[PDB]
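Note sheet for the following structure.
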Amino acid sequence: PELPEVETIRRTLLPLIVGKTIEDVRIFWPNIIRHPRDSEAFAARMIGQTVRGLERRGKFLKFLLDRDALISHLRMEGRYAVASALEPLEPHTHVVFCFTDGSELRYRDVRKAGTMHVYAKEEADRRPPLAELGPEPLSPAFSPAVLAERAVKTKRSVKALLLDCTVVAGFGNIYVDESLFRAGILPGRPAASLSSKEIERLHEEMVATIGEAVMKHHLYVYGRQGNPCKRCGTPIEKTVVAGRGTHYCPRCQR
DNA sequence: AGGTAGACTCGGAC
DNA sequence: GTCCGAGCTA
Ligand SMILES: [Zn+2]
């Protein structure tokens, strides 16, 4: 799930778990648990705590309990569901939180790629994976000025810059390529080569692209290689940039 | 020094 | 066999 989906999850999941008290925690793929590194300590500390809230930071979900916060990343295929403890688990279910009312919060992930970290609430924001996370792309904290400062101080490509979680929180590959197409900037351009207007435009397209998705095939380049650009008809091309599949129109983007 | 490329994980798809 | 990709180590 990308950031917009994660926000949808935060919004829809919260009412389904708020005020519920954890009675048990079951872990079927320990590698998901990153802190405490010992999945036994992770499970034990959460028992007896009541879910008080659910927040989002980038693509991380932050479950707020009585004393602790649980920080979760779903990567590409992770998903949460609330269901009855009486029903069989779905395939690829790796972590289950059991509530005192007979319902369960279940985490599924065919790729087993997601992560979970638990800390005292007051520490969560100053430990991984949240520590050093950059500003929310839809917050005033992420401004053109902030982007410009990071761009001028690096040799990397502009795509690499946007992919950096310390620059902006949870801005996914699809949104990077779409934002760059919409801003008319080739992904392989050196970040420091971007003019003031280009940074202004890129920031604007970033906020609009991810903002529009948060509010909600309407894609210009991502996954469209070999197909005509929707704006100029030039075949969309795909190469590797910053170690990622990168889609662009060689005519629209400069 | 500290920014940077690299390595690393998973399994569905070729 | 090789490909893919989000966010500790030289
Ligand atoms: Zn085009």
Side-chain angles (χ1 to χ4, degrees), chain A residues 1-7 9-10 27-39 56-62 69-78 80 90-95 107-119 124-137 142 146-148 150-154 156-180 187-193 206 209-210 213 219 221-226 237-248:
Chain A
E2 292 295 343
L3 186 156
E5 297 96 274
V6 175
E7 178 59 29
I9 297 171
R10 189 209 66 77
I27 295 157
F28 312 103
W29 192 253
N31 279 359
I32 302 306
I33 307 315
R34 306 300 186 91
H35 188 277
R37 223 311 164 181
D38 182 356
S39 64
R56 182 189 53 76
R57 282 287 293 130
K59 283 182 284 185
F60 298 99
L61 292 165
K62 180 195 281 202
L70 156 70
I71 316 309
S72 172
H73 200 284
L74 311 185
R75 289 301 201 278
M76 67 296 281
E77 292 165 285
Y80 280 105
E90 295 139 276
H92 313 304
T93 298
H94 305 306
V95 183
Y107 180 71
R108 297 177 57 191
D109 192 342
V110 65
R111 202 73 50 206
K112 303 186 193 183
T115 61
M116 291 179 184
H117 296 72
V118 170
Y119 304 97
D125 284 335
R126 59 177 181 89
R127 301 291 278 262
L130 294 182
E132 296 161 21
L133 185 61
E136 288 293 320
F142 179 63
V146 166
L147 188 58
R150 300 297 311 262
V152 305
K153 302 173 182 59
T154 187
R156 294 183 291 173
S157 68
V158 58
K159 171 158 186 168
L161 181 69
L162 301 189
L163 290 165
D164 188 333
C165 61
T166 72
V167 171
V168 58
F171 208 88
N173 198 46
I174 180 173
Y175 298 116
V176 170
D177 289 3
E178 291 296 304
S179 292
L180 286 165
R189 294 270 310 277
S193 77
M206 290 178 67
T209 298
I210 210 148
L219 293 166
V221 294
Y222 188 83
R224 296 199 65 253
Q225 65 269 27
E237 296 182 359
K238 176 173 184 181
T239 59
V240 176
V241 180
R244 273 48 171 249
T246 298
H247 310 81
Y248 60 94

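The analysis underlying the following values was restricted to heavy atoms, covering all of them including side chains, and did not include hydrogens, waters or symmetry mates. Letters A, B, ... mirror the listed sequences (proteins, then strands); counts begin at 1.
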To the nearest angstrom, how far is [X] atom [atom1] from [N] atom [atom2]?
{"X": "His92(A)", "N": "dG11(B)", "atom1": "NE2", "atom2": "P", "answer": "9 Å"}
{"X": "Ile174(A)", "N": "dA6(C)", "atom1": "CD1", "atom2": "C1'", "answer": "15 Å"}
{"X": "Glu132(A)", "N": "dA6(C)", "atom1": "CD", "atom2": "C1'", "answer": "16 Å"}
{"X": "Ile32(A)", "N": "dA6(C)", "atom1": "CD1", "atom2": "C1'", "answer": "13 Å"}
{"X": "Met76(A)", "N": "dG7(C)", "atom1": "CE", "atom2": "P", "answer": "10 Å"}
{"X": "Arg34(A)", "N": "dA6(C)", "atom1": "CZ", "atom2": "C1'", "answer": "11 Å"}
{"X": "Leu61(A)", "N": "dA6(C)", "atom1": "CG", "atom2": "P", "answer": "17 Å"}
{"X": "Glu2(A)", "N": "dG5(C)", "atom1": "CD", "atom2": "P", "answer": "11 Å"}

As a test of reading the structure: which of [options] is closest to the side chain of [X], going by heavy atoms?
{"X": "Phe60(A)", "options": "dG5(C), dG12(B), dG7(C)", "value": "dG7(C)"}
{"X": "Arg244(A)", "options": "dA5(B), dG5(C), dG11(B)", "value": "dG5(C)"}
{"X": "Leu163(A)", "options": "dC10(B), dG7(C), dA6(C)", "value": "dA6(C)"}
{"X": "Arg75(A)", "options": "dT4(B), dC10(B), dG7(C)", "value": "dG7(C)"}
{"X": "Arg111(A)", "options": "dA6(C), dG5(C), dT4(B)", "value": "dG5(C)"}
{"X": "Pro128(A)", "options": "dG12(B), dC8(C), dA6(C)", "value": "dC8(C)"}

Problem - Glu77(A), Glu90(A), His92(A) screened by side-chain hydrogen bond (donor to acceptor under 3.5 Å, both in side chains) with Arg108(A), the one that passes - result: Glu90(A)
N/O (side chain, [X]) to phosphate O (OP1/OP2, [N]) under 4.0 Å:
{"X": "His73(A)", "N": "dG7(C)", "result": "yes"}
{"X": "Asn31(A)", "N": "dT9(B)", "result": "no"}
{"X": "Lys112(A)", "N": "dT9(B)", "result": "no"}
{"X": "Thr115(A)", "N": "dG7(C)", "result": "no"}

Handout entry: Note: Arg57(A)-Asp125(A) ion pair, threshold 4.0 Å (strictly below)
Key = no
Exercise for the section: State plainly whether the residues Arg244(A) and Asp177(A) are in salt-bridge range, i.e. N to O under 4.0 Å. Expected result: no
Handout entry: Mutual orientation of the aromatic rings belonging to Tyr119(A) and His35(A) [parallel < 30°, tilted 30-60°, perpendicular > 60°]
Key = parallel
Practice task
Have a look at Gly172(A) and say if it touches a base, only the backbone sugar-phosphate, or nothing, with a 4.0 Å heavy-atom cut-off.
Solution key: nothing
Fill in the blank from the handout: When both distances are under 3.5 Å in a Watson-Crick or G-U wobble arrangement, the nucleotide paired with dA1(B) is none
Problem - Base partner of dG6(B), which must satisfy Watson-Crick or wobble distances under 3.5 Å - result: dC8(C)
Practice task
Heavy atoms only: give me the nearest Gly78(A)-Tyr107(A) pair and the separation to one decimal.
Solution key: CA-OH, 3.5 Å
Taking atom [atom1] in both [N] and [M], what distance in whole Å separates the two?
{"N": "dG12(B)", "M": "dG7(C)", "atom1": "P", "answer": "23 Å"}
{"N": "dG3(B)", "M": "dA6(C)", "atom1": "P", "answer": "23 Å"}
{"N": "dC3(C)", "M": "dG6(B)", "atom1": "P", "answer": "15 Å"}
{"N": "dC8(C)", "M": "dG11(B)", "atom1": "P", "answer": "22 Å"}

Handout entry: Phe171(A) or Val240(A), whichever maps to the more 5' nucleotide of DNA chain C
Key = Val240(A)
Problem - Between CZ on residue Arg34(A) and NE2 on residue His73(A), distance to nearest 0.5 Å - result: 11.0 Å
